[PDB]
C-alpha cells in the first residue's frame, strides 16, 4: 500500500500550503512612500509667493487670459494651496524668518525671489516625480493587501475575520463529488483558494478507506469532512490547527514569489493533468487508493501560465507585483524627499548671500 495515500504522504506539500495559509488575516506594514518632500516643496512655494508682488498675490481656475496657459493650469492648484496655507496666523512671518527675510528691504525681497527661479525649476521635476510615485502606489496598503490575501486563502474579500466557509473556499460551494470539488483551472473550476487546496490535499473522508493524517500525524482528525466534503469545515479546523507559519514582516514580493515558485515546483504532471498532493488513480476523491490531491485539469508544462490564472494564485501574484513596485518606489521616494528638504534649506539661504 506504499502507492496508496498513507499518513505523512502529503506532509511536505502541507508545509508549503501552511506557509500560504498564514497569509490570511495578515497585519503587515508596507513600504512607505516618504512624502515629506512634498511639504518641503510647499514651503518653497509659500516663500516664493510671500516674496511676490501685490499684483501677483491678488490673483489668489486661473484668471481670464491664462485659463488655457499650460503652466498656469499646472501650477494653479499648487499656488492656491500655498496661498491658503499662508493665510494662517503667523505662517508668513515664520516662512520669512526661516529664510532670513524678516523685515527685508524691497530690493532684497525681489532679488531673493528671482534667485529661487532655478532652484524651483530644479525641484519641480523632483516633486512631480514624488507626487507621481504617491499616486501610483496609493492602493498598495495593508488593508488592500489583507483583503486580497484573504480572497486567496479563504475566498472572502475582507480585511479581517476571514474563516473557513465552503461556500467561499470552493467556487460556488462544494461540487456533487469530492473528485469534482478538487479540480482547478478548468471550466468547472472549484478548488480556487488555498483553503480548498488544503481540504483537498489533507481531508479525512467519512465512510472508511480514507487517508487521514496524510498531511501530518499530529493532526487530530476529531471528525471527518463527511461524504463529498459535505462537512469539510470541522475537519479543516483540525488540519489548520497544526499550522503556525508566519511570513516575514514586512511582507515582501520576494517572499510571495518564492512561495508561489515552491508550489509550482511541486506540481506533477500525469495523464494530461497536473496534481498537487499524492495521486494514484481515478481522481482526487479523498480515498487512499485513488488520491488526496487537487487535479489541475488539462494543466501541462506548456500551459503552466493557466496555473497563475487560478484565483488564489492570481491574488497572491497581484499582491507581489504591487509590493514589487512599491518596494522600489519607496526607496526612490526616500532620496527624492531628502533632496527636496535640501532644496528648502538652500532657498532659506539665498538671502544671506544676496545681503553679503
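Positions refer to the first chain, counted from 1.
Trainee: From residue 60 on to residue 61, does the model leave out none, 1 to 3, 4 to 9, or 10 or more residues of the deposited sequence?
Mentor: Missing in between: 10 or more residues.
Trainee: For the C-alpha atoms alone, is the average B factor greater in 101-109 or in 169-177, going by the entry?
Mentor: According to the PDB entry, the answer is 101-109.
Trainee: Which is higher on mean Cα B factor in this entry, 185-193 or 267-275?
Mentor: Comparing 267-275 with 185-193, the higher average CA B-factor belongs to 185-193.
Trainee: From 214, 239, 133, 121, pick the one with the largest CA B-factor in the entry?
Mentor: Of the candidates given, the C-alpha B-factor peaks at 133.
Trainee: From 294, 310, 319, 302, which pick has the Cα B-factor that tops the rest in the entry?
Mentor: Across 294, 310, 319, 302, the entry lists the biggest C-alpha B-factor for 302.
Trainee: Among the modelled residues of this chain, does the Cα B factor of residue 326 put it in the lowest, middle or highest third?
Mentor: According to the entry, residue 326 has a C-alpha B-factor in the chain's middle third.
Trainee: Just say lowest, middle or highest third for the CA B-factor of residue 47 relative to the other modelled residues in its chain.
Mentor: For residue 47, the deposited C-alpha B-factor lands in the lowest third.
Trainee: Taking only the Cα B-factors deposited for this chain, tell me whether residue 125 sits in the lowest, middle or highest third.
Mentor: Ranked within chain, residue 125 CA B lands in the highest tercile.
Trainee: Could you tell me which third, lowest, middle or highest, the C-alpha B-factor of residue 150 occupies within its chain?
Mentor: Tercile = lowest for this residue's CA B-factor.
Trainee: C-alpha B factor of residue 204, ranked within the chain: lowest, middle or highest third?
Mentor: Bottom third by C-alpha B-factor.
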